[PDB]
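Single chain ahead, by itself, as structure tokens, in the form solved without ligand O2A.
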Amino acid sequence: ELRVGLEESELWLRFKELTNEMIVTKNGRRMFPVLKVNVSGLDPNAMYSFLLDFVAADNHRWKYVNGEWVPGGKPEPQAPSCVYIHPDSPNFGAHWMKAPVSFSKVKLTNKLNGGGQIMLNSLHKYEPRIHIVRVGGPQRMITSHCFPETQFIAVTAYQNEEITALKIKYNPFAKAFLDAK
């Protein structure tokens, strides 16, 4: 049937172990790693749209204390619900199935910025969630799919240097800093 698997899920888990962190900024920040998924079991000729949002992973604020993540408290008023529609939407199942669906251009921010942006609240842990929707009649239908490997804490600066190291290692745009010699 409909199956949706995470591409490069293992890079996500490598980050998860160390407690993953995603920078947000005022102008909005791209994710690394990028969320990419494989889809199967769609109707090749049906029309679907893909949506992405972020759900709170627990109720505590967090803080980094001497090389370790520890909870804080007082979860600031939950962030406004935002969503990002994949720019290829709407499109045929064939298109969504022919190659991994990658959310490379979504931008995460800490301000009520608009235009394909998701506002997160800093020092909170969030989980990406992907949705598939089909408008029709009997085939009317929305799925949601979570990937615990991709949980992360929003931050305005990296805190675990080991995370920064992995970011620099794999994100091509930080390749200039990977001059590790």
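What we label the rigid core is the largest C-alpha set whose atoms superpose within 1.5 Å from one form to the other. One-based numbering along the sequence shown. Residues that one form lacks are left out of the comparison.
Between 139-147 and 24-32, it is 139-147 that carries the larger average Cα temperature factor according to the deposited entry.
Look at the mean CA B-factor for 7-15 and for 154-162 in the entry; the higher one is 7-15. Taking the deposited Cα B-factors for 65, 37, 120, 51, the highest one is held by 65. Ranked by C-alpha B-factor against the other modelled residues of its chain, residue 134 falls in the lowest third. Ranked by Cα temperature factor within the chain, residue 94 sits in the middle third according to the deposited record. Among all modelled residues in its chain, residue 72 ranks in the highest third by Cα B-factor. In the deposited entry, the Cα temperature factor of residue 80 places it in the highest third of its chain's modelled residues.
What comes next is about the form deposited with ligand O2A bound, which does not appear here.
Blocked site. Ligand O2A, superposed from its pose in the bound PDB entry, has 3 or more atoms within 2.4 Å of backbone or C-beta atoms of the chain shown.
Contact annotation for residue 126: at least one heavy atom lies within 4.5 Å of ligand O2A in the bound PDB entry. Within this chain, residue 121 lines the site of ligand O2A in the bound PDB entry, having a heavy atom no more than 4.5 Å away. Contacts between 83-103 and ligand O2A, taken as any heavy atom within 4.5 Å in the bound PDB entry, involve no residue at all. Fitting the two forms on the rigid core leaves the C-alpha of residue 79 displaced by at least 2 angstroms between the shown form and the other one. For residue 136, the Cα coordinates differ by 2 angstroms or more between the shown form and the other one after the core has been superposed.
A decrease of at least 3 Å in the separation of the C-alpha atoms of residue 137 and residue 89 is found in the bound PDB entry, compared with the displayed form. The pair residue 47 and residue 137 is tighter in the bound PDB entry: their Cα-Cα distance falls by no less than 3 Å compared with this form. Once both forms are overlaid on their core, the residue ranges between the shown form and the other one with Cα shifts reaching 2 Å in three or more consecutive positions are 73-81, 135-140.
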